[PDB]
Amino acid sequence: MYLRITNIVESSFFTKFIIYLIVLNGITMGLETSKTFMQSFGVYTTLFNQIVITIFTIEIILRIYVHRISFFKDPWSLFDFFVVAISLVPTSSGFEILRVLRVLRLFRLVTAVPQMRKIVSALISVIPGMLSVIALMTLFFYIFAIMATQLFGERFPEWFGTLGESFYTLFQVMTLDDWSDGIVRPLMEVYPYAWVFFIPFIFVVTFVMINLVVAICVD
């Protein structure tokens, strides 16, 4: 029966059937957004949902027999396992993000349709050549985050009061988002020289990011 199901799983129809359900379940998840729709077809959709969830475990179960160890060494497959897994935790208990993290299954359209995998893989592949920079930056943030917490956190605890707060604020400055009228001009009403901390922070961080982009535009 192995080759029987190995012929079911590997079949064009099987895959296209899965893809058909995803786009349907995707359409169905945008409708569960509407408080109106839920009042008229909420039941239609809750069951349709639980149904598709089974079909997917069945598939994932099947795909495993047909592949065994080869499966748990496939990025894309591991993904669909964990994603379907999330959607299996009963609609209750623990955290309610789990109910919300269900919509992660629509990323299966990326997993199950080639070309996406190409582009996603294309994208991801660039990351290894960025790890040296990403490490460098995280050290830098961490250092400045520590300096800021202890230079500005007493008077400005919303923004710099905690190591993590400072991390966040520094991120915002780095995205150059309201950094001046939002953060630094206020700071300077108390700490006139704060511009000496933030202009150098901005130059470095922006410089680094240009280099990183240029590097990607080489490799």
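Sequential numbering from 1, following the sequence displayed.
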| item | value |
| --- | --- |
| Of 24-32 and 169-177, the stretch whose C-alpha atoms average the higher B-factor in the entry | 24-32 |
| Average Cα temperature factor in the PDB entry - higher stretch of 129-137, 67-75 | 67-75 |
| Top residue by Cα temperature factor, when 151, 51, 163, 190 are compared in the entry | 51 |
| Record-listed C-alpha B factor of residue 196: chain third | lowest |
| Entry-reported Cα temperature factor of residue 183, expressed as the chain third it lands in | lowest |
| Third assignment of residue 207 from its chain's C-alpha B-factors | middle |
| CA B-factor placement of residue 44, once the chain's modelled residues are sorted into thirds | highest |
| Chain-relative CA temperature factor third for residue 56 | highest |
